[PDB]
Amino acid sequence: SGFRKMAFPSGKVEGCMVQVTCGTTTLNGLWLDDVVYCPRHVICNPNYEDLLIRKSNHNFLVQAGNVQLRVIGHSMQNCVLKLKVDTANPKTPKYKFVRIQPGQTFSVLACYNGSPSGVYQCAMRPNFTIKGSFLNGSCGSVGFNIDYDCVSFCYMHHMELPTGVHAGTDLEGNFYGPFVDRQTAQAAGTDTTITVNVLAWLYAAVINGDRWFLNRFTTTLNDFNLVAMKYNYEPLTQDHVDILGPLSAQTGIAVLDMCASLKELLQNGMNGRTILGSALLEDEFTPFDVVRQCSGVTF
Amino acid sequence: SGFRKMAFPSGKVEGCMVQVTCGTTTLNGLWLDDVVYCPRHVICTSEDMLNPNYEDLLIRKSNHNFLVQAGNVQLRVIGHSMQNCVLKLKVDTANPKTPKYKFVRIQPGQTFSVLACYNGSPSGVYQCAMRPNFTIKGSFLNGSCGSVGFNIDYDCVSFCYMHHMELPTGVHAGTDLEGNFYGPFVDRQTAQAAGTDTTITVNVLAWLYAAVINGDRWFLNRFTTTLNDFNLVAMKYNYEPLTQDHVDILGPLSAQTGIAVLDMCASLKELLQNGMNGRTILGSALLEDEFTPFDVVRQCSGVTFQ
Ligand SMILES: N#CC1(CS(=O)(=O)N2Cc3ccc(Cl)cc3[C@H](C(=O)Nc3cncc4ccccc34)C2)CC1
Ligand SMILES: N#CC1(CS(=O)(=O)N2Cc3ccc(Cl)cc3[C@H](C(=O)Nc3cncc4ccccc34)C2)CC1
Ligand SMILES: [Cl-]
């Protein structure tokens, strides 16, 4: 029993974190085989090709623990800088670079000066920001998931927006969202609630014994989406309904029956009650996260 | 900016997790140097759990009855001893991944990270607090026994908890790494229940200071309170008494924000009376009590968003 915001074990990623220094900027890098990946703003209206051409390999100081790595090459891929080093990381795990979609969750290993500080779980918001916890020096910290024994790196931290939320790129340097890596006027767009995730968390509450919100009613997908659009909830698709199939079979509550419960919660509130110790509807657990935590999958 | 329930990086602990088997029971062990620590109930059957005599059950076992597996490698047990509710299995190989570590016993209100494991393999990491009633609100399934709680302030791991059982209310009970239980619990399936739980007042105040540091002040008021009047009100909402030690401990956060501890207590009294009125504090509609004053200072900026 119990339901916690759970992150993946971070050890395989901790063994890849390094400190990258160029000029007065110090930030974090990800050392995989003989390449260090880091935000291209470590070299800083920036013209990154003009700034980069003026740098020599020895301008980049890379430190792994108490060991200095020597940079032997450099190249830029989108908003990510790739520093070729003479030493392959002996701790390189089995890995992939994957781009995630809004609504998907991942673990963040927050680092400062190449040293891991903490691990937390978060979701890519529908507005492409993440509600992280990052201070100055956290740039280059990474987000990941683990599948079997393989680390899928999905996020690299680049900046904080004026509302306190965060923006970054995939490991190929493509930003999530309409953001740019420059000190300019930027803002997160209006965010929405991840409906499929709220439904997954309601199934998790049922599995753990919280059933007060269940009712005898059902709804159609069309009527549910009309109500959900009114409450700034993301539209629920047939793919979301299919994805929730296993949880619907385990609890005996059809997805549209759980949608009827969610409509009543949106229209009436909780009335002094809580669900899994929360007075808000939680949207940062995917259907897969719920199945994984209620089954004990290991890595 | 931001404020998350943040766990310590788990790598140093992952390299210590092993699987321990005795007969038909399998659970997790912590391998530090040449010793594997695990719950002594690994020697019990489910029948034994009503009134087990651990001394009598243990004397019938030899070293080769304990199977210890680290990854895909079988470790050889060369000795065994019981210390309180933990079994210590001497092995013929010292763990080459043993981090710098200490065994620390914590007090209620303290937080720690839990690395939940099954079959000696880490599954996930989350942040927890030792409740005032000595239980923890964890997330554990069958096979999670032997999973550990820890803190890593600096590069030294301080192990503070080892998981032993789930009580009927769904909450969890365990021991320190010397095998002494937290709370009035026994590693016996007897009618024991968690006592009435209370809110960790000093932690709620720490989290209100975290909200101020992150730029929010809507909940502040023009009042102050005496410590005794605060405690008289707090007890009515099932909040733990606030002591002078707690007031002293909150001194640094008070100095950084410019809000006196008793002035923050007055704000808490008003939040208990009025609720949040559709508002949130650090993304929560409830008063959060699983961040200590130390956790707030570690995570938050040293400069307040005035
Ligand atoms: N709005 C805002 C702020 C960011 S900034 O203006 O100082 N900043 C502009 C900028 C522009 C583009 C790029 Cl790619 C990076 C960056 C940097 C960046 O965000 N860094 C950080 C990242 N994360 C967490 C931070 C917390 C605190 C200060 C910096 C933080 C620097 C003040 C928070
Ligand atoms: N009430 C209750 C329950 C526990 S039990 O009755 O199966 N159980 C009695 C018991 C008594 C004392 C001792 Cl020391 C160990 C133990 C064991 C124990 O707690 N194991 C576990 C531990 N953690 C999380 C579990 C989740 C699910 C099933 C077992 C879980 C076995 C059913 C939840
Ligand atoms: Cl303590």
Side-chain angles (χ1 to χ4, degrees), chain A residues 1-15 17 91 107-111 115-122 130-136 138 146 149 160-166 204 208-209 269-270 272 274 276-281 284 289 292-299, chain B residues 1-15 17 97 113-128 136-144 152 155 166-172 214-215 275-276 278 280 283-287 295 298-303 305:
Chain A
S1 309
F3 205 69
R4 284 279 181 177
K5 193 143 280 177
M6 186 179 288
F8 281 102
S10 57
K12 289 176 170 59
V13 179
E14 291 167 52
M17 304 307 308
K91 297 186 191 182
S107 300
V108 171
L109 181 64
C111 306
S115 162
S117 190
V119 65
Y120 57 86
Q121 188 72 358
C122 68
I130 76 171
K131 293 179 180 176
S133 177
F134 290 123
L135 304 174
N136 191 44
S138 61
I146 305 179
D149 64 315
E160 181 168 300
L161 292 171
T163 50
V165 304
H166 304 101
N208 284 274
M270 291 199 194
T274 59
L276 291 170
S278 172
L280 294 177
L281 300 177
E284 296 200 356
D289 294 340
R292 195 179 303 118
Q293 176 163 183
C294 305
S295 78
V297 172
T298 65
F299 314 91
Chain B
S1 185
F3 206 71
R4 284 278 185 182
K5 195 143 278 180
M6 187 181 284
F8 282 99
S10 57
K12 290 176 172 63
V13 180
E14 292 167 51
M17 303 309 307
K97 297 187 193 182
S113 301
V114 171
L115 181 64
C117 301
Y118 297 92
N119 298 290
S121 288
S123 180
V125 65
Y126 57 85
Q127 196 67 355
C128 247
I136 76 170
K137 295 180 179 174
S139 172
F140 290 124
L141 304 175
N142 194 206
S144 62
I152 317 178
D155 247 20
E166 181 168 302
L167 289 158
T169 49
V171 302
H172 304 101
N214 285 8
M276 291 198 197
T280 59
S284 172
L286 291 184
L287 301 179
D295 293 342
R298 188 163 190 277
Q299 178 167 181
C300 290
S301 172
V303 179
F305 183 35

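Below, chains carry the letters A, B, ... as their sequence lines are ordered, and counting in each starts from 1. Every heavy atom of this structure was used, including side-chain atoms; hydrogens, water molecules and symmetry mates were not.
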Mind checking the CD-CD spacing from B:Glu14 to A:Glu14? Nearest 0.5 Å is all I need. 6.5 Å
What residues, two or more places apart in sequence or in another chain, satisfy side chain to side chain contact (heavy atoms under 4.5 Å, CB included) together with A:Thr298? B:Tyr118, B:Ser121, B:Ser123
Based on non-hydrogen pairs under 4.5 Å, which of B:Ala7, B:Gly170, B:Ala285, B:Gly11 is most in contact with chain A? B:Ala7
Under the rule for side chain to side chain contact (heavy atoms under 4.5 Å, CB included), what residues qualify as partners of A:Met6, not counting sequence neighbours? A:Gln293, B:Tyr126, B:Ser139
Measuring from atom NZ of A:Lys5 to atom CD of B:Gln127, what distance do you get when rounded to the nearest 0.5 angstrom? 14.0 Å
Tell me, for A:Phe3 versus chain B, whether the close heavy atoms (under 4.5 Å) come from the side chain, the backbone, both or neither. backbone
Heavy-atom cut-off 4.5 Å, strictly under: side chain, backbone, both or neither for B:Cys128 against chain A? both
For the backbone of B:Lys137 and the side chain of A:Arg4, can you confirm whether one donor and one acceptor N or O come within less than 3.5 Å of each other? yes
Minimum heavy-atom distance A:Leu135-B:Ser1, with the two atoms named: CD2-N, 4.3 Å
Measure B:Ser144 against the heavy atoms of chain A and call it side chain, backbone, both or neither at under 4.5 Å. neither
Could you check which of B:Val171, B:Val125, B:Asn214 has the highest count of heavy-atom pairs closer than 4.5 Å to chain A? B:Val125
Working to the nearest 0.5 angstrom, can you tell me the gap between A:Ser10 OG and B:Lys12 NZ? 9.5 Å
